[PDB]
Amino acid sequence: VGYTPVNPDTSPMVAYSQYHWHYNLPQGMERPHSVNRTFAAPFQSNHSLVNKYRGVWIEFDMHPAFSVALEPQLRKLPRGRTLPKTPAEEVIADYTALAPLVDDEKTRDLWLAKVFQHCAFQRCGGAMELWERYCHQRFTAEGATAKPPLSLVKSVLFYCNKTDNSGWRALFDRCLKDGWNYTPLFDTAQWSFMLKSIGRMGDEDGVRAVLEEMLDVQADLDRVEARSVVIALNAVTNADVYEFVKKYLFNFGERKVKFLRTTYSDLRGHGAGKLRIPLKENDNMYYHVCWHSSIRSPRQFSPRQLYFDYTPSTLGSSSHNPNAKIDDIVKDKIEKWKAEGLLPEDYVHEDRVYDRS
Amino acid sequence: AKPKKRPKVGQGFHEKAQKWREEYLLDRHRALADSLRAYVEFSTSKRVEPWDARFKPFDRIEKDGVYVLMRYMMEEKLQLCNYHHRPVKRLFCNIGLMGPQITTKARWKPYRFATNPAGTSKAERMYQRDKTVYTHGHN
Amino acid sequence: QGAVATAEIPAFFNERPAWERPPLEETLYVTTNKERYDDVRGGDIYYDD
Amino acid sequence: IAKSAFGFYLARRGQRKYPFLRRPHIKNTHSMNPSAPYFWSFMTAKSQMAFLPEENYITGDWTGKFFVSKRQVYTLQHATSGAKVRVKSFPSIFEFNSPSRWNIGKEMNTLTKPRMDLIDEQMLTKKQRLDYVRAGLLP
Amino acid sequence: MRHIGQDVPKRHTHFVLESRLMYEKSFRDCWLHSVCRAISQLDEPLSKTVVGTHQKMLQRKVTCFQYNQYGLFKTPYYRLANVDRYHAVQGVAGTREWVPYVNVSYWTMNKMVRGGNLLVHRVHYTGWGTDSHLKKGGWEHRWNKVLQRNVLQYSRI
RNA sequence: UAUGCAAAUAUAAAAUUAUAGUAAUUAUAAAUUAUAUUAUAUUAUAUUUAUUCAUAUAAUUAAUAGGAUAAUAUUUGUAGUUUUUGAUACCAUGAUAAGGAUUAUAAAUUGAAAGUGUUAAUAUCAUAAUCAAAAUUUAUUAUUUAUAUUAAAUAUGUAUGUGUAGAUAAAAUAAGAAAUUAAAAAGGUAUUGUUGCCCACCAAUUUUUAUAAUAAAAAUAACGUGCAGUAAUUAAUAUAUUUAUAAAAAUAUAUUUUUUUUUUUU
Ligand SMILES: O=c1ccn([C@@H]2O[C@H](COP(=O)(O)OP(=O)(O)OP(=O)(O)O)[C@@H](O)[C@H]2O)c(=O)[nH]1
Ligand SMILES: [Mg+2]
């Protein structure tokens, strides 16, 4: 007894009462429990995977002879998780001076993909001339029939997303299902980079197209980073695409939408310095994201806030109200009778009591 | 409820306590100097013989027994040690020729009886010592 | 008889034998175990309909 | 009757016996006990090689201490500098306005008398004054 | 604060948390303080490498560092007051108003044993219980047997 | 301390009180309640030891948040001020202790339930809390006595005075102790039950008989003086005398609704 509670595991009186097992009775397991086998939860970690690559991979794989031959040139190009800091113009010049020499389309494509990756890492926007020089004539032009390698197209997309180039649509439309059909092979990192770049560029239709394609191709919305989604959804202003975003926001999980709201709030508030480019003010999208998170999250109970202004019925609180209207009930009954037809329709009713106010 | 401040120490007590403490410290300085002087003088001054002349080893006449050994072998160092009980016992241990006879059979006068001066001839001397000297019972 | 302990038996140890049970008791009858709103004063606080 | 916050919270429980050297509230009433031969080995660090306690030094970027700690050992600079030295004691504080060279190397708690012999005649009540007179402490 | 909407029935229960925090600070500082104290007052030479001035200067510097260590847990364990975690009643270890195994005061122990809140067995009040070591030598014998079981049992490497 | 002056309980009766008008019945009974062993007999009690007893300090109690060898969330770095009010420096219901006097030898334990600071409903300025180095005046506490005396957390400088007044503490259990001892009766007027009923006086209001400077009687929860009665503190009852702040008290005589103690010609 008292304010301090009694722990039943330590208290022997509870453990030896008639509602538990007495020590004289045999001690043995009763009703063995299997919780982890009947329904096993997937491993969802609050902390992000520390050993994750956290970047776009280019799947660099060429013939060993060509690789060792180009090794002096390839030392400057990025390796696996190793990024040399050579100037981008040096590797661009090396490629534009040595590509005609080596006779292998696949090797040239892989080398150009590595060049694009390096210049994207350095955020050097001058490399699109390489694409126009080499790939544009045969891979995408007036109905080009060639099939570009996945490594090259992924590298080009990464470069255009990093440089916020406006030429990404001409390649993405080819990468839809009716063309090259390289959408299912795009990594979630690639999708996040695309979404962040389009959100920064402020394209209204690009975000809608990318989100619809991701849903169609089963991209992992949960593993897509929250900041990229927030930036992509900040740029929508048109009513139609806004309605599309409203109806599409239900695809994300509850935890995902909660952390989307958290990231949006912190970024447009205190975390405005986290982004290199400040985010534009979109109060409509901010409010809708907050409202959607509130809808999806479980609703708690706050009775005082809910019923602060609650007032009881006139008849219920007549005894406790000194100045309350009681003839209103008779007026309502008269109106109900007139509607029913028992009383004459639209009969003149005079006030039954004085007005005390 | 509504607590109020209540004085605890006298209004003028603090300064009086301070000056009393200062005067007590000065008096303690004087007494410390006096006690150091008295302790050094007591340590240097010769004390009475710390051995009982009524027990088996120290019973022979002064012309025989251990007294001959004391007078002809270790007499010189007794004056230098001023007949204090600890040095005389240590010298008796180190001189040999007695073995364990200084502890297994010999006895010595009590701690407050062995600290009397060279010539006392009275039992009540230990209570005649100065009392204001804080030498911890060392005359 | 009075109880001397309490165990969480999975309820299929002591079932009603089939021949004294309504037919299959699942599709024909829908049973919901709710709680009385009146003062129980002793009895089944959670009763099924 | 000592007046403190812990007086109400805790209880004396009579003249209860505590483990040796483990009384809860230490009150070194014997710090000022004088002993000339044991001057350097009473209420002081046992080894002469030990450094002075941390309380004798300033560690951080201080702004000022109202009084120094009792364990701080008096040094020559305390008297030579002619600065202000204070030690917290009942009732309020004791200030070293009489710098002397005879207290160098001794702790300030040893120098200061904890149980002051002076008795305040002001805050004493009628019954308490009668009790003190009966005990002989007051005329 | 200031007894506005207090949740715990007793304000003094927070002193238990404060005592736990001071114990954690002791856990942090028990090695550094001990090492500094050992180095500072070691008169003998440490080794061939450090002797004479190279040792005395090092001792002075490490003592200066120890003094500069702000917030070091100097206080010993026996001078830290023990306060019950159930009713915030103070008891001093070594007396009968504190039990070592349960870390609760005499009053709390009596209340818990008189009710059902702690599985204990009753023995004679004027005996040595049922333990063989207590019957053999008593408190000191069982204390030494605990030491023997802990440390002296092992042939240390 | 009977000679005179003096009808008087041994009962022909109609609810209490009152002059035969005052108030609304009045009395009484039973049960129970702490005062009285008796002398062989359910136990011999009777010896040893001890007594200069003291300690408390420097203020903030009202959230959850997971990391290597896991198929991928920057959730790296999780960001919405402000409408409540008691265990706090009183008070703020309950609950554990100490306190040996009659169920005993026997295959056995010499510690109790009648309650001890902290604990679970009464609120309405309450920041009183150790993390060292600290301030006897307060009932409830076995200290070392005369050969050798201060080294590690800092640890007691005071009181030698014919084993010495009064007062007082402990033990009949692995220790050593042995003939006079427990074992009757005996009471409520109280029911709110002795911290009780009740008594007059004092004090205050008022009623009835009365008109005569009258007298008498009756009702009333708190005052004042007391303690008269209630086995009730030198018993009570009746009549007579006497004293007077008041209940009453003391005497003379007669009674016990006073509770009681054994002698059939020594
Ligand atoms: O999920 C996160 C968290 C933080 N950041 C931080 O953003 C900083 C740059 O700010 P931005 O992230 O706005 O720039 P960006 O679009 O050029 O970034 P990338 O796609 O190239 O990464 C970077 O230095 C990084 O630490 C992210 O880029 N992403
Ligand atoms: Mg009477």
# chains A, B, ... in the order shown; residues from 1 in each chain; ligands from 1

$ interface_residues --of "chain F" --to "chain B" --cutoff "7 Å" --atoms "only C-alpha atoms (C1' of nucleotides)" --output "NGL selection string"
:F and (89 or 125-126 or 146-147)

$ write_last_selection --atoms "C-alpha atoms (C1' of nucleotides)" --output "PDB file, in the first residue's frame"
ATOM      1  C1'   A F  89      10.688  25.310   7.745  1.00  0.00           C
ATOM      2  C1'   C F 125       3.117  32.539   0.223  1.00  0.00           C
ATOM      3  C1'   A F 126       7.128  27.693   2.079  1.00  0.00           C
ATOM      4  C1'   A F 146      51.448   2.809  37.172  1.00  0.00           C
ATOM      5  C1'   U F 147      57.908  -2.545  33.984  1.00  0.00           C
TER       6        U F 147
END

$ residues_near_ligand --ligand "ligand 2" --cutoff "12 Å" --atoms "only C-alpha atoms (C1' of nucleotides) and all ligand atoms" --output "MDAnalysis selection string"
chainID F and resid 198:199 226:230 232:235 247:248

$ interface_residues --of "chain D" --to "chain E" --cutoff "9 Å" --atoms "only C-alpha atoms" --output "PyMOL selection string"
chain D and resi 10+17-19+22-24+49-51+53-55+57-60

$ residues_around --residues "residue B:104" --least-positions-apart "6" --cutoff "12 Å" --atoms "only C-alpha atoms (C1' of nucleotides)" --output "PyMOL selection string"
(chain B and resi 56-57+98) or (chain F and resi 147)

$ select_by_dssp --residues "chain B" --states "helix (DSSP H, G or I)" --output "PyMOL selection string"
chain B and resi 13-44+57-59+66-72+75-81+85-95+99-102+123-127

$ residues_near_ligand --ligand "ligand 1" --cutoff "8 Å" --atoms "only C-alpha atoms (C1' of nucleotides) and all ligand atoms" --output "ChimeraX atom specification"
/A:121,162,193,196-197,200,225-228,274-278 /F:74,76

$ select_by_dssp --residues "chain D" --states "strand (DSSP E or B)" --output "list in words"
residues 68, 73, 86, 87, 88, 93, 94, 95 and 107 of chain D

$ interface_residues --of "chain D" --to "chain F" --cutoff "8 Å" --atoms "only C-alpha atoms (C1' of nucleotides)" --output "VMD selection string"
chain D and resid 1 to 2 4 to 7 9 to 10 12 14 to 16 21 24 to 30 33 to 34 38 41 to 47 70 to 71 89 to 91 114 to 115 128 131 to 132

$ interface_residues --of "chain D" --to "chain B" --cutoff "6 Å" --atoms "only C-alpha atoms" --output "MDAnalysis selection string"
chainID D and resid 34:36 94

$ atom_distance --atom1 "atom CA of residue E:16" --atom2 "atom CA of residue A:12"
24.8 Å

$ atom_distance --atom1 "atom CA of residue A:160" --atom2 "atom CA of residue A:174"
15.2 Å

$ interface_residues --of "chain A" --to "chain E" --cutoff "8 Å" --atoms "only C-alpha atoms" --output "PyMOL selection string"
chain A and resi 3-4+6+10-14

$ write_last_selection --atoms "C-alpha atoms" --output "PDB file, in the first residue's frame"
ATOM      1  CA  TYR A   3       2.118   5.800  -3.535  1.00  0.00           C
ATOM      2  CA  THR A   4       5.187   3.692  -4.322  1.00  0.00           C
ATOM      3  CA  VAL A   6       4.985  -2.935  -5.631  1.00  0.00           C
ATOM      4  CA  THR A  10      10.628  -9.135  -6.580  1.00  0.00           C
ATOM      5  CA  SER A  11       7.778  -9.284  -4.060  1.00  0.00           C
ATOM      6  CA  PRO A  12       7.450 -12.933  -2.948  1.00  0.00           C
ATOM      7  CA  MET A  13       3.925 -12.398  -1.604  1.00  0.00           C
ATOM      8  CA  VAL A  14       2.578 -11.726  -5.099  1.00  0.00           C
TER       9      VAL A  14
END

$ interface_residues --of "chain C" --to "chain A" --cutoff "9 Å" --atoms "only C-alpha atoms" --output "ChimeraX atom specification"
/C:3-10

$ interface_residues --of "chain F" --to "chain E" --cutoff "10 Å" --atoms "only C-alpha atoms (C1' of nucleotides)" --output "list in words"
residues 60, 61, 62, 84, 85, 86, 87, 88, 95, 96, 109, 118, 119, 126, 127, 129, 130, 131, 132 and 153 of chain F

$ residues_around --residues "residue D:79" --least-positions-apart "6" --cutoff "10 Å" --atoms "only C-alpha atoms (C1' of nucleotides)" --output "VMD selection string"
chain D and resid 85 96 to 101 103 to 104

$ write_last_selection --atoms "N, CA and C atoms" --output "short mmCIF file (atom, residue, chain, number, x, y, z; two decimals), in the first residue's frame"
data_model
loop_
_atom_site.label_atom_id
_atom_site.label_comp_id
_atom_site.auth_asym_id
_atom_site.auth_seq_id
_atom_site.Cartn_x
_atom_site.Cartn_y
_atom_site.Cartn_z
N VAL D 85 43.61 36.96 4.82
CA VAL D 85 43.42 35.52 5.00
C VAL D 85 42.26 35.30 5.96
N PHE D 96 43.03 36.25 9.85
CA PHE D 96 44.41 36.28 10.34
C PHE D 96 44.95 37.70 10.22
N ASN D 97 44.64 38.51 11.23
CA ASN D 97 45.13 39.88 11.31
C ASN D 97 46.41 39.99 12.13
N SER D 98 46.95 38.88 12.62
CA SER D 98 48.18 38.86 13.40
C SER D 98 49.12 37.84 12.78
N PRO D 99 49.76 38.18 11.66
CA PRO D 99 50.64 37.22 10.97
C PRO D 99 51.88 36.93 11.80
N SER D 100 52.10 35.65 12.11
CA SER D 100 53.22 35.22 12.92
C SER D 100 53.99 34.13 12.19
N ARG D 101 55.29 34.07 12.45
CA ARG D 101 56.17 33.08 11.84
C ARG D 101 56.21 31.77 12.62
N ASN D 103 53.65 29.84 13.19
CA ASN D 103 52.63 28.94 12.69
C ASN D 103 52.88 28.53 11.24
N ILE D 104 54.11 28.68 10.76
CA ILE D 104 54.43 28.27 9.40
C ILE D 104 54.46 26.76 9.32
#

$ interface_residues --of "chain F" --to "chain A" --cutoff "7 Å" --atoms "only C-alpha atoms (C1' of nucleotides)" --output "ChimeraX atom specification"
/F:66-67,72-73,75,119-120

$ write_last_selection --atoms "N, CA, C and O atoms (P, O5', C5', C4', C3', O3' and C1' of nucleotides)" --output "PDB file, in the first residue's frame"
ATOM      1  P     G F  66      18.865   5.520 -28.289  1.00  0.00           P
ATOM      2  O5'   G F  66      19.399   4.241 -29.074  1.00  0.00           O
ATOM      3  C5'   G F  66      19.673   3.025 -28.388  1.00  0.00           C
ATOM      4  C4'   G F  66      19.559   1.820 -29.292  1.00  0.00           C
ATOM      5  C3'   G F  66      20.369   1.884 -30.588  1.00  0.00           C
ATOM      6  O3'   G F  66      20.840   0.578 -30.915  1.00  0.00           O
ATOM      7  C1'   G F  66      18.085   1.588 -31.099  1.00  0.00           C
ATOM      8  P     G F  67      22.415   0.265 -30.941  1.00  0.00           P
ATOM      9  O5'   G F  67      22.905   0.859 -32.335  1.00  0.00           O
ATOM     10  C5'   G F  67      22.667   0.154 -33.549  1.00  0.00           C
ATOM     11  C4'   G F  67      23.830   0.263 -34.505  1.00  0.00           C
ATOM     12  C3'   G F  67      25.196  -0.082 -33.918  1.00  0.00           C
ATOM     13  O3'   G F  67      25.998  -0.704 -34.921  1.00  0.00           O
ATOM     14  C1'   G F  67      25.219   2.139 -34.724  1.00  0.00           C
ATOM     15  P     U F  72      17.564  -3.310 -46.737  1.00  0.00           P
ATOM     16  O5'   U F  72      18.140  -1.827 -46.793  1.00  0.00           O
ATOM     17  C5'   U F  72      19.051  -1.364 -45.803  1.00  0.00           C
ATOM     18  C4'   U F  72      19.807  -0.140 -46.261  1.00  0.00           C
ATOM     19  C3'   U F  72      18.964   0.939 -46.936  1.00  0.00           C
ATOM     20  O3'   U F  72      19.483   2.224 -46.596  1.00  0.00           O
ATOM     21  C1'   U F  72      20.644   0.199 -48.425  1.00  0.00           C
ATOM     22  P     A F  73      19.250   2.815 -45.121  1.00  0.00           P
ATOM     23  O5'   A F  73      19.014   4.373 -45.353  1.00  0.00           O
ATOM     24  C5'   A F  73      18.232   4.845 -46.446  1.00  0.00           C
ATOM     25  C4'   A F  73      17.284   5.942 -46.026  1.00  0.00           C
ATOM     26  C3'   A F  73      17.674   6.692 -44.755  1.00  0.00           C
ATOM     27  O3'   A F  73      17.253   8.050 -44.859  1.00  0.00           O
ATOM     28  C1'   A F  73      15.567   5.672 -44.450  1.00  0.00           C
ATOM     29  P     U F  75      18.616  13.605 -40.293  1.00  0.00           P
ATOM     30  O5'   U F  75      17.867  12.347 -39.671  1.00  0.00           O
ATOM     31  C5'   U F  75      17.682  12.233 -38.269  1.00  0.00           C
ATOM     32  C4'   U F  75      17.281  10.833 -37.884  1.00  0.00           C
ATOM     33  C3'   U F  75      18.105   9.716 -38.506  1.00  0.00           C
ATOM     34  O3'   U F  75      19.310   9.480 -37.799  1.00  0.00           O
ATOM     35  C1'   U F  75      15.799   9.226 -38.729  1.00  0.00           C
ATOM     36  P     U F 119       6.026   9.509   5.937  1.00  0.00           P
ATOM     37  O5'   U F 119       5.645   8.037   5.466  1.00  0.00           O
ATOM     38  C5'   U F 119       6.354   7.409   4.405  1.00  0.00           C
ATOM     39  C4'   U F 119       5.603   6.225   3.843  1.00  0.00           C
ATOM     40  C3'   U F 119       4.114   6.449   3.581  1.00  0.00           C
ATOM     41  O3'   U F 119       3.729   5.734   2.409  1.00  0.00           O
ATOM     42  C1'   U F 119       4.393   4.641   5.076  1.00  0.00           C
ATOM     43  P     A F 120       3.507   6.517   1.026  1.00  0.00           P
ATOM     44  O5'   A F 120       1.946   6.374   0.751  1.00  0.00           O
ATOM     45  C5'   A F 120       0.994   6.960   1.626  1.00  0.00           C
ATOM     46  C4'   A F 120      -0.415   6.678   1.170  1.00  0.00           C
ATOM     47  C3'   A F 120      -1.511   7.456   1.878  1.00  0.00           C
ATOM     48  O3'   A F 120      -1.680   8.757   1.346  1.00  0.00           O
ATOM     49  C1'   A F 120      -2.106   5.168   1.767  1.00  0.00           C
TER      50        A F 120
END

$ atom_distance --atom1 "atom CA of residue A:98" --atom2 "atom CA of residue A:111"
10.5 Å

$ residues_around --residues "residue A:294" --least-positions-apart "5" --cutoff "10 Å" --atoms "only C-alpha atoms (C1' of nucleotides)" --output "VMD selection string"
chain A and resid 254 257 to 258 261 288 to 289 299
